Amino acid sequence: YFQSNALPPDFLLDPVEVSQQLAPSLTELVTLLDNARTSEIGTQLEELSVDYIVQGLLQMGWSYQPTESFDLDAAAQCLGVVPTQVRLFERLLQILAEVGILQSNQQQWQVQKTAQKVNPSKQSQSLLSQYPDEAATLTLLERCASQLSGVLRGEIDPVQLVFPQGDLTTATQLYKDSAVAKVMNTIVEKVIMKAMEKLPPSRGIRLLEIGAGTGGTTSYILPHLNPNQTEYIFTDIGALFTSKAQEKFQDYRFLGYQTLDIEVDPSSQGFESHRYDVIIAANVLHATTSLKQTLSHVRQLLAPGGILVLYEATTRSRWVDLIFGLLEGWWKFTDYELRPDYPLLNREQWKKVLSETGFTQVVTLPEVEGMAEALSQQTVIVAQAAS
């Protein structure tokens, strides 16, 4: 019965086979999400984001009257935006153009309407009373976006707003226990367990997670892994995250902890090449400079038939721009031919770039008719290392 463990993990199910067999599970898992309610919450968060932007710009002395025109550079110097925050500032201006306050003409901006009096803290509280299940999202958005002017002026390190040493759980709850993240993280767990269901007893499985953070996605996977034949490598670029995850996950003795910067050759950071069966990357790969070189490093870690499980957001979101868009990773991208002005890719763009970086049999999840629009704005992508 035993066959050499040195040979590639051919027992791994194809991603397409995995999605076919998970189809009845995914159909019922999607229905657990309120379609009408998740949409109206998301819509209101996008409107509240406009009020945070206007409040911050007025705090920096925005005095642009209607008809007046300005370019990005002049407005940044006027408001005092530091050079490292201009790309975020440009996106904020783009948001104001989407709602009709501004208009984009060539590389110029024209003020169409005078922004009215806003009080986003008061409206955030009203939404908190109506949707207490979104308290983590509202509280994080209030803590981050209410210091938008200080971040734009380089006076406040936005990592101390998103990921302060004393509160890493708030941002974790967004990645872990939000309505949409509950579904996506469950898909991540079901995919991984289904792909390895034919694991021979005489063989161990090696999983590596990139950008695992505090372990929001990780917590869904660990309880289902067989500790006797699993090695799970928990990695993040930052040791503060692996340190916090090591405390949370003490019960699991098959976990290893190590730092990994996916933008640099992993084999120079103490990782074996082509020796991991499953790589998990939840909400991280977008925060890199070049997706092709990031995906080539990801592919470099996968065994010849290994599985890449990707969890990414696929659409622009105003309130996300006021939280994780404050951080440097949101604006690292320079592959402008692929990503002209935003770090995220949609389903079709991910499939194309994966097929160009050595991945095959690419599946995007979930794909159910009658699906809530919120589930269309994020995806779990499963792809196989090709050769």
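A residue's number is simply how far along the shown sequence it sits, counting from 1.
Subject >> Segment of higher mean CA temperature factor, 134 to 142 or 246 to 254 >> reply: Comparing 134 to 142 with 246 to 254, the higher average CA B-factor belongs to 246 to 254.
Subject >> Entry-level comparison of average CA B-factors, 70 to 78 and 229 to 237, reporting the higher stretch >> reply: According to the entry, 70 to 78 carries the higher average C-alpha B-factor.
Original post:
Considering only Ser296, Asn283, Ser202, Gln147, which residue's Cα atom bears the greatest B-factor as recorded?
Top reply: Checking the PDB record, the top C-alpha B-factor among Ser296, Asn283, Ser202, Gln147 is at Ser202.
Original post:
Can you tell me which of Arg206, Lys176, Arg91, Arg316 has the highest Cα temperature factor in the record?
Top reply: That would be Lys176.
Original post:
Among the modelled residues of its chain, does the C-alpha B-factor of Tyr64 lie in the lowest, middle or highest third?
Top reply: Highest third, going by the recorded CA B-factors of the chain.
Original post:
Split the chain's modelled residues into thirds by Cα B-factor; is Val151 in the lowest, middle or highest one?
Top reply: It belongs to the lowest third of the chain when residues are ordered by C-alpha B-factor.
**OP:** Can you work out whether the C-alpha temperature factor of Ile41 puts it in the lowest, middle or highest third of the chain?
**Re:** Ranked within chain, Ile41 CA B lands in the middle tercile.
Original post:
Split the chain's modelled residues into thirds by Cα B-factor; is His274 in the lowest, middle or highest one?
Top reply: Tercile = lowest for this residue's CA B-factor.
Subject >> Cα B factor band for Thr114 (lowest, middle or highest third within the chain) >> reply: Middle third of the chain for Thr114's C-alpha B-factor.
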